[PDB]
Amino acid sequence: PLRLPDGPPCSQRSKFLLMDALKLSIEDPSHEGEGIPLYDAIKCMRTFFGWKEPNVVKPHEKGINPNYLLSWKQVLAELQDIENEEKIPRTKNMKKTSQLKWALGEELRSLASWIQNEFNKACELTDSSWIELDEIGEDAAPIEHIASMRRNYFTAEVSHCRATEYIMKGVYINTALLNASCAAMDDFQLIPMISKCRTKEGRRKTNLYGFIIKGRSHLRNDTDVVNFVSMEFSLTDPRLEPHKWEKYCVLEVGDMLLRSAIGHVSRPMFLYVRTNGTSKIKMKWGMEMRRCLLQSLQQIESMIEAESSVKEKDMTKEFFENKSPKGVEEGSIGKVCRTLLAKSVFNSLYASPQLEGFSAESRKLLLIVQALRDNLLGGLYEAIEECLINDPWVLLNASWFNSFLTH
């Protein structure tokens, strides 16, 4: 089996919160400015009244925590500035304050259990649909009948999937930043983190996860970096899994009244803050996250076009309806679709050279081991294990890979 590294537990490294995010939402919006992110965010902000004086509750151990506190206070100050203006601007350029100049820039780890938990959360369904019925595909021509049937069965099973929400979240924020990176090169622009869903009842909703502030972005090449500060709401207390949050300063910024299985309960609302950066090429990929839906669909269609060659008839219906196989090992056809999707999305969210190395070399050891398995290599192990350092996503697949070696 593979040897995973020893060390302190791995920490979160995505460009935004995943299972820990928190949404401020408005239903079927129709205010003077429905569709301009700044107007949407403010209207989501004013939905919430439990704000309170913020303080640091889990410090970033390598950054200057007074500057993170001041930056969040500045956001509320400048948002409150917009409140006082007669009209609402289309965008907001933050004052180039001391805290923002500092925050915008102007070793072995062990597998922690939070990343498997993220992956499990990415496979669940939500109350809300995140994509339209004809979202998947780029076809110039109308789709033939069999393709259409598969595309609609598959969309039924993943439209509400949590991984799909990560897709649209990511596409939104990456489009917003990439565009801002070009239209406001010298500004510290305030960029809402938005997404849009439809409820089980049919209502269009708008969600605010928090805010980005981008720094100077004269991105001349694909690999040039624009730094940014992320500020994300959450009900997750950082003191439970502090190792998850090494890269973050976390503030407590309000209290929130929630329906629960015990009735109404008041929980603190937190605000996860970190500095971070991205590049033109990374943001272009982030805008492409819908292809995760298409790539997941194809892996599904592959299993069907396989079964269909063996039975001389189209097995699309009998596969999705679960009518030779005798069940579905994940539980249901639906969980197989969402599982494939979640893996593809997390490949995107945690894209790394260590993942591209591990993916190639481990497939080599895979075909060798199951060749040996049903019929009865030391440098290869070093290639694969040269990828096992500190990435939570690489390490978790390596953990998964070792299960396959036992069964």
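In this text, residue numbers run from 1 along the sequence as written.
Checked against the other entries of this protein, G33 counts as unresolved in at least one third of those spanning it. Compared with the other entries of this protein, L380 is consistently built, present in every one of those that build its neighbours rather than absent from a third. Coordinates are given for every deposited residue between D134 and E135; the gap count there is zero. Per the record, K87 and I88 are directly connected, as no deposited residue between them is missing from the model.
Of the two stretches examined, 150 to 158 and 111 to 119, the record assigns the greater average C-alpha temperature factor to 150 to 158. The stretch with the higher mean CA B factor, choosing between 256 to 264 and 124 to 132, is 256 to 264.
Annotation for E321, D224, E165, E138: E321 ranks highest, by Cα B-factor. When the C-alpha B-factors of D40, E32, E53, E61 are ranked from the entry, the top spot goes to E32. For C10, the recorded CA temperature factor ranks within the middle third of the chain's modelled residues. Among all modelled residues in this chain, the alpha-carbon of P325 has a temperature factor (C-alpha) in the highest third.
In this PDB entry, the Cα temperature factor of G105 sits in the middle third of its chain's modelled residues. The PDB entry assigns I389 a C-alpha temperature factor belonging to the highest third of its chain's modelled residues. Sort the modelled residues of the chain by CA B factor and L24 lands in the middle third.
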